[PDB]
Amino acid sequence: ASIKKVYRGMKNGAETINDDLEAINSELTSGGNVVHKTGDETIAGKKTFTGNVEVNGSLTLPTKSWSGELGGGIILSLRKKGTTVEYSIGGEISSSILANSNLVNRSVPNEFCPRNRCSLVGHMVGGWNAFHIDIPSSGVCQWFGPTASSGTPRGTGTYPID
């Protein structure tokens, strides 16, 4: 709070002491630079909780999305939430993708790139066929299915980021 000096020989001493006590006490309920057990508040600084934390409402972390055609008609849709990337494989194979080939139409942007190679497992509609697409730290994705020229690739999951 913003208080007034209580000093030897001041006028209205009792009034000043009371005013200061009231302003200080007000900040034990709300406002000022203190975090309270009620009210919508914005809190700066690094806060380390050494104990257990429970959140009964929603917990919202920073979020960003990106989607692009990696190559050969394969679409990768991403959403970063904290240190996790939610992915969804989409699109439809529109040209021949060679076994073990790099997908060169779009690279995954640096901010969605993992520390180490992540293998995203997918499945082709209408049969029993699976594949995986690697996302390396470079974001230059690689197709690890066999040579394929058609089909509908799908798969939802996550991979970690730093």
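Think of the rigid core as the biggest set of C-alphas that the two forms share within 1.5 Å after superposition. Note that residue numbering follows the sequence shown and begins at 1.
Asks: Between 46 to 54 and 66 to 74, report the one with more C-alpha displacement in 5 other deposited structures of this protein relative to this form after a rigid core superposition.
Replies: Between 46 to 54 and 66 to 74, the one lying farther away in 5 other deposited structures of this protein is 46 to 54.
Asks: If you average the CA temperature factors over each stretch, which comes out higher, 24 to 32 or 55 to 63?
Replies: Comparing averages over the C-alpha atoms only gives 55 to 63.
Asks: Comparing average C-alpha B factors as deposited, tell me which of 127 to 135 and 108 to 116 sits higher.
Replies: Here the higher of the two C-alpha B-factor means belongs to 108 to 116.
Asks: Using only modelled residues of the chain, where does the Cα B factor of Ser96 rank: lowest third, middle third or highest third?
Replies: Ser96: CA B-factor falls in the highest third of its chain.
Asks: Tell me, lowest, middle or highest third: where does the Cα B factor of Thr50 rank within its chain?
Replies: Top third by C-alpha B-factor.
Asks: According to the PDB entry, is the CA B factor of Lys81 in the bottom, middle or top third of its chain, that is, lowest, middle or highest?
Replies: Its C-alpha B-factor belongs to the highest third of this chain's values.
Asks: Lowest, middle or highest third of the chain for the C-alpha temperature factor of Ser150?
Replies: Middle third, going by the recorded CA B-factors of the chain.
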